[PDB]
There are 2 protein chains.
Amino acid sequence: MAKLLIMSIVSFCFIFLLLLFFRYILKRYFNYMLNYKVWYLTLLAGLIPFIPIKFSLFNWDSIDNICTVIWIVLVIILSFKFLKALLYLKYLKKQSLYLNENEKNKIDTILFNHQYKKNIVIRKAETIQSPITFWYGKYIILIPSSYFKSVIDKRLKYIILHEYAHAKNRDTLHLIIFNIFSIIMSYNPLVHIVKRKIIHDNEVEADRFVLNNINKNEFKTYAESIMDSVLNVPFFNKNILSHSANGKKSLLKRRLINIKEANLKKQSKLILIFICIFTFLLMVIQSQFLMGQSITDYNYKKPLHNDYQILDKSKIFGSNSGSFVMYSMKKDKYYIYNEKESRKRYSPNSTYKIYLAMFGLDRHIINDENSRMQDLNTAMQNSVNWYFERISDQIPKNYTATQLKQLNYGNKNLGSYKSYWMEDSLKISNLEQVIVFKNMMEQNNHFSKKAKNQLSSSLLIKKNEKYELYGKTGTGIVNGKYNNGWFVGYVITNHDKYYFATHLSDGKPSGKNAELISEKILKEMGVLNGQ
Amino acid sequence: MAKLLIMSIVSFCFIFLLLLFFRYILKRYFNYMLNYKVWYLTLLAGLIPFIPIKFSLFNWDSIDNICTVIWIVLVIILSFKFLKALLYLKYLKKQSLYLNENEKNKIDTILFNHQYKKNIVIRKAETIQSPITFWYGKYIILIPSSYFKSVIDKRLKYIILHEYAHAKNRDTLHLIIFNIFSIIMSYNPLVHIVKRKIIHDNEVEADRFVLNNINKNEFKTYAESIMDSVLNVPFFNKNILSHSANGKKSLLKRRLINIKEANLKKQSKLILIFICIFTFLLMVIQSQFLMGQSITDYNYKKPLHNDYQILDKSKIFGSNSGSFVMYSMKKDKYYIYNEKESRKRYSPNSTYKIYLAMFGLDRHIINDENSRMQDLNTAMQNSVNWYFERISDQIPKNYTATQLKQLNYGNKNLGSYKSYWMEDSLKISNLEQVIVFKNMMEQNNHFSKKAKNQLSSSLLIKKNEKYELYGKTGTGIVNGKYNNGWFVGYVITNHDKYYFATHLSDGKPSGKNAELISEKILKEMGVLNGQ
Ligand SMILES: [Zn+2]
Ligand SMILES: [Zn+2]
């Protein structure tokens, strides 16, 4: 279904635009114009994707779910508009009177001076405030009874001609048809656009006729007449299914009415003082509503409240440009390569699994005797997503959310995805990654010692006479390409404790390269080399 | 980035709508109105998602790629519009003349009757066709030199007051500001909506002022004056950054101009005969363009050109409602359960792999000695997606496309996904599935015997004294739920050869249930029971 709606719109758009082009030049250079029927052509073009004819010469589900509901909604609504206008007119048909022979004479003169066909019907009523038409298979034409009396300024002459032109061209009907089609074609709002364009042009063609049948010195007053027919009426742009002088929802119209309504009034400044402040408070209330923290959309840029030194490790990053953060527990000092980049937030990928698993451990979901689903050491060493998918399913989401909040987990965005950190909604900077892991063991008072240590052992990479190096990689691979070269970890040495996070964005930003890069950096910096 | 743009729009929308509500009632019941500043409020609300402040009380990549490009595009464009209007005015400023004391007297009277502040500037020129303003930090006010001469109908009195009201309220500037903001805020088309609303209302408030400072019997002519200022001018709605009587792109405007242009002309009927047919041919050309075969979007509904009998197997489907097709090679007859449903097209899921693998065999990509990547029997028996993902990567896509075409593979839609049949773009009915597989072995003359037989052996399910039953399951599991219970296959018996396809849509439409259902049906129908 949706593809048709979509492509129907496409069809329309294309055609429409082509036509408009012609419209553009016909008018611009020659004051010529498209025969409006082309808009049917347009419609038809809009309709024809339908042909179930094989002619030639990603979760998409919602696309159709939406298309289906939107459409049915539109049609009942638009149908309602239709029947109301229809009824108005049909009911009005009941109220439509025949003309006196000495009234009929004028109307007939206007049209049949050109021997126009008589397959139309002329009626009048006191219930007609302004010229209006209907169809009923008869092309019902209606004029104000007051206009039948007021046949002394010949506005009516002009009006009828205008109305006639609509009639010659069967405009009433064309519109009716279009509106009906528009209802089913409503998925394309442009049905109204074109409806409108048509109307505009219908009137233009009418104007052409008018001019075609009048003198050069009448052209002027006609234009004035267009104006009189709007100036002198409320702009009750009511008949959405026909024509009337006031049939347009716009500015001049609004303004003129306000003058009609000019019984001078004063709003207590308080009326608007209240509304404006209230609203402002309501806008403030929108601000109170999750103002969409640009801070959260933005990659982290808060100043590291902690000291620190800026590093230059560009030689090691080399072919895989990125950023890197290291921290000394003894000195409470950070060492940061490309701080602007270090502060950038990226989805954690598989490295988050350490948090997921350790949360399961603290909450007594996952344990040592029952670290299995593989065990935790195997699962972590081989990144077994299955193991971890179950762990998320087995941990109350609120436990996880609580920890995200308590220990400042980046943007703490849990998304809606059970594995939201896996190239999805949760994002964290390298700086934040270091801060959080360090605090996880050093400060977290809502997390057991066993969970801290059990997790730690599963991450050992290498060791020597100075230290034990722990960590975890992950690769942000999307649609087969590398985007996030993650490696995180910590070092326990015989003199200090260090925390760190590496992220590659350029070159081949794989988790493996991040591991290699981090180790090389940490060694050169003394972390893995005794300083 | 995009989230801000999106949510900014949301902000706007909300606020806007709230305001409009008030607008609605203030006007509807009391003829009262929002102080336009609320639209700044709106803007601001639109702007504030920006606050990088954490205040409170799926391939998304494209979302931001798009947001980024769209925005930069919009701003250079809108900036261009701005500078042009600005320049027009600044250049015009160069052309703006001072008034004669005996001209100045009138302008000053109009404003300072109310002791309005004099921090404005009044100028004139022959280059002013209609009233217009600028800012320049001075609130430049411009009137036609002809209006300075034509100070005898007091239109100018009315105009200035109108202009003044804009000035009292610093409208020129407000607009300027908005437009500038609108440029950066352009991602929200509603900036123009509100711009416009503001303008509309700016004029309304001006009208309020006018009325506030005039008599009841002047109100009328003012309205007439609004009209005169539009009636008597080309609607060159040019100054997108200011106000003028003609400053609106609409219908009445277009019509009136055409009258000005009324040097009667006739388009050779051919002008439009050509354009209309050409266009029609262009619409036909759009029809020539992939008319989006609704036939292709639609599930298969072509009549089975072959005979057939309709079945009732609803008892077996039972808890898992669906459809089923069986075919007799000897009789060239089909047996169909719920034909309307049998004809429905579904993505093949893993059952397509038989085609993928056999294509690799014929094209000499995959073979017997080298059926491995697992071998083919293991890969097929355990549905090893990895095996099959590589097979698609290793087969020229055109080979596959050729076979889709030659043997009528449903909608033959290869999508863009290397595994397009795996709950993606390729879809086939059960009827089509039977037709295609049967033809694959029976008719396909662009496919070797070895590929046909090698594939066949890998599908054996069960056998007895009457037959060998072959087939393949697959489960349309999406976001963890079952949607497509596939099982396809064929039977080689000692009396006939049969082909079939089962699909479940309701209950638990798993591949396993489809296997069980198919076998049970085939046995009851005599296929797997000697008849
Ligand atoms: Zn009309
Ligand atoms: Zn104005």
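Peer 1: Provide a residue-level description of the overall build of chain A, including the pertinent values.
Peer 2: Along its length, chain A carries 21 helices and 10 strands. The C-alpha atoms of chain A give 38 Å as radius of gyration, which overshoots the globular expectation for 531 residues (24 Å, by more than 25%). Dimensions of chain A, computed from the C-alpha atoms along their principal axes, are close to 120 × 70 × 45 Å.

Peer 1: Explain the relation of the copies chain A and chain B to me, and be specific about the residues and the numbers.
Peer 2: Superposing chain A onto chain B requires a rotation of 180 degrees together with a translation of 0.0 Å along the rotation axis, leaving an RMSD of 0.0 Å. Those values place the two copies in the arrangement expected of a two-fold rotation axis. Both copies present the same face, since 100% of the interface residues in chain A are matched by interface residues at the equivalent positions in chain B.

Peer 1: Report on the pairing of strand 6 (residues 333-337) of chain B, specifying residues and quantitative values.
Peer 2: Side chains on a regular strand alternate between the two faces of the sheet. Residue and element names in this part refer to chain B. Here strand 6 lies mainly inside the structure; 4 of its 5 residues are buried. Judged from the 5 bridges that link them, strand 4 (residues 307-311) and strand 6 form a sheet pairing that is parallel. The residue bridging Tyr-308 from the neighbouring strand is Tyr-334, located in strand 6. Pairing of strand 5 (residues 322-328) with strand 6, which is carried by 5 bridges, proceeds in the antiparallel orientation. When the bridges of strand 6 are listed, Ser-328 appears paired with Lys-333.

Peer 1: Kindly report on the sheet that holds strand 8 (residues 467-478) of chain A, identifying the contributing residues and their values.
Peer 2: All names here are of chain A. One open sheet holds the 7 strands; their spatial order is 4-6-5-10-9-8-7, and the pairing between them is mixed. Each end of this open sheet is capped by a strand with a single partner; those strands are strand 4 (307-311) and strand 7 (460-463). The mean angle between the axes of side-by-side strands here comes to 20 degrees, regardless of whether they run parallel or antiparallel. Along the sheet, helix 20 (residues 449-458) makes contact with strand 7, strand 8 and strand 9 (481-493), crossing strand 7 at roughly 70 degrees.

Peer 1: Requested: an account of the coordination of the zinc ion (ligand 2), with residues and values cited.
Peer 2: Within the protein, B:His162 (NE2), B:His166 (NE2), B:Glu203 (OE) and B:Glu203 (OE) serve as the donor atoms for the zinc ion (ligand 2), at 2.0 to 2.2 Å. In this structure, the zinc ion (ligand 2) is surrounded by 4 donor atoms whose angles at the metal cover 61 to 135 degrees, and the resulting shape is irregular.

Peer 1: Account for the coordination of the zinc ion (ligand 1), naming residues and giving values.
Peer 2: Residues and elements named next belong to chain A. Within the first shell, the zinc ion (ligand 1) binds the protein through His-162 (NE2), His-166 (NE2), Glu-203 (OE) and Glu-203 (OE), at distances of 2.0 to 2.2 Å. Given 4 donor atoms and angles of 61 to 135 degrees at the metal, the environment of the zinc ion (ligand 1) is assigned as irregular. Ordering the donors of the zinc ion (ligand 1) by residue number gives the pattern H-x3-H-x36-E. Here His-166 and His-162 lie together in helix 6 (residues 155-168), a separation of 4 residues that amounts to about one turn.

Peer 1: With reference to specific residues and values, describe unusual backbone geometry.
Peer 2: All names here are of chain B. Positioned with a positive phi, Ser-383 is a non-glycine residue whose angle comes to about 45 degrees. When you line up the elements, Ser-383 lands in the loop between helix 16 (376-381) and helix 17 (385-394). Of note in the backbone geometry, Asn-479 takes a positive phi value of approximately 55 degrees without being a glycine. Inspection of the secondary structure assignment puts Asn-479 in the loop between strand 8 (467-478) and strand 9 (481-493).

Peer 1: Break down the environment of B:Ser518 for me, citing the residues and quoting the values.
Peer 2: All names here are of chain B. Mapped onto the secondary structure, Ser-518 falls in helix 21 (residues 511-524). C-alpha of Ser-518 to C-alpha of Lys-450: the two residues are 68 residues apart in sequence and 27 Å apart in space. In this structure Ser-518 touches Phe-324, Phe-487, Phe-500 and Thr-502, once residues within four positions along its chain are discounted.

Peer 1: Describe the interface of chain A and chain B, with residues and values.
Peer 2: Counting from both sides, the interface comprises 88 residues of chain A and, opposite them, 88 residues of chain B. Secondary-structure elements contributing two or more residues to the side of chain A that touches chain B are helix 1 (2-30), helix 2 (38-47), helix 8 (190-212), helix 9 (219-231), helix 10 (251-260), helix 11 (269-288) and helix 12 (294-297) of chain A. Counted by class, the side of chain A that touches chain B contains 49 nonpolar, 21 polar and 18 charged residues.

Peer 1: Residues and numbers for the sheet that holds strand 4 of chain B, please.
Peer 2: All names here are of chain B. What the 7 strands build is an open sheet, ordered 4-6-5-10-9-8-7; its pairing is mixed. Looking at the sheet topology across the chains shown, the edges are occupied by strand 4 and strand 7 (460-463). Looking at each pair of strands side by side, their axes are set apart by 20 degrees on average, direction ignored. Strands in contact with helix 19 (residues 430-442) are strand 5, strand 6, strand 9 and strand 10 (497-504); relative to strand 10, the strand with the most contacts, it is inclined by about 150 degrees.

Cut-offs used in this document
- Residues numbered from 1 in each chain as written, not as in the entry; some residues may be left out.
- Chains lettered and ligands numbered in written order.
- Heavy atoms only, no water.
- Residues with missing side-chain atoms left out of burial classes, pairs and counts.
- Helix = DSSP H or I, 4+ residues; strand = E, 2+ residues; numbered from the N terminus.
- Rg over C-alpha atoms; globule rule 2.2 N^0.38 Å.
- Least-squares fit on C-alpha atoms.
- Contact = heavy atoms within 4.5 Å.
- Buried < 20%, exposed > 50% of the residue type's maximum accessible area, 1.4 Å probe, protein only.
- Pairing = 2+ DSSP bridges.
- Axes fitted to C-alpha atoms, helices over the stretch in contact; angles between N-to-C directions.
- Donors = N, O, S within 2.8 Å, 3.2 Å for Na, K, Ca; no water.
- Tetrahedral: all angles 85-135°; square planar, octahedral: opposite > 155°, others 65-115°.
- Nonpolar A, V, L, I, M, F, W, Y, C, P; charged D, E, K, R; others polar.

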